[PDB]
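Form deposited in one PDB entry, single chain, as structure tokens, below.
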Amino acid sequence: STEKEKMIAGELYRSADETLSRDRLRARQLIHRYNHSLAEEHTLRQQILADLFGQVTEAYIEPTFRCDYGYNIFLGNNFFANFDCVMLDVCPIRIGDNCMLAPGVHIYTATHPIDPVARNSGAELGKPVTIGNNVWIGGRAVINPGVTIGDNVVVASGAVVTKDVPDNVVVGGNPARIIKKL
């Protein structure tokens, strides 16, 4: 297996890999163009996002936006994200329809072994993140690697999501807990 295939599949990979280095530069180029583009530039922004992401249809994303690869982000219909959102997509980040991200939401997929020896060994690895339909994620929340958020979930601002979230609940806190059922 290619290092890219290993990375996407959530296995140990090498980021210094040639293809991956090139992929990150391509994404950086597109991100940079996205972020310095004007808001009146709809065709350009839409064109850049179609190029960047694995899947996208309607998407309103305020700069500044950031991702690592782009092709690991899969966004359902009518996606909305306020400024300073970060989607670090070492592994697939799959988001359903009608998602709303408030400002400064961070979604991570990269991780490291907790054991220091292993960590300092160059080991690189990620875990996918999946988010359902009609999910609202409040300002400055953090969604950790390997998390699955169900449909119709409201994530309060500043929440740090470390475990799966079932359908139809409001979560909040660090660590995030169920606040109430919808």
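Heads up, when I say rigid core I mean the largest set of C-alphas that superpose within 1.5 Å between the two forms. For every residue, the number given is its place in the sequence shown, counted from 1.
- Remark: stretch with higher mean C-alpha B factor among 135-143 and 52-60 is 52-60.
- 13-21 and 166-174 differ in mean CA B-factor, and the higher of the two is recorded for 13-21.
- When the C-alpha B-factors of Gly150, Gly70, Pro128, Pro116 are ranked from the entry, the top spot goes to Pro116.
- The PDB entry assigns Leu44 a C-alpha temperature factor belonging to the highest third of its chain's modelled residues.
- Ranked by Cα temperature factor within the chain, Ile31 sits in the middle third according to the deposited record.
From this point on, the text means the form deposited in another entry, which you will not see here.
- Of the candidates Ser121, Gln29, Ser157, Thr57, the Cα that moves 2 angstroms or more after core superposition between the shown form and the other one belongs to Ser121 alone.
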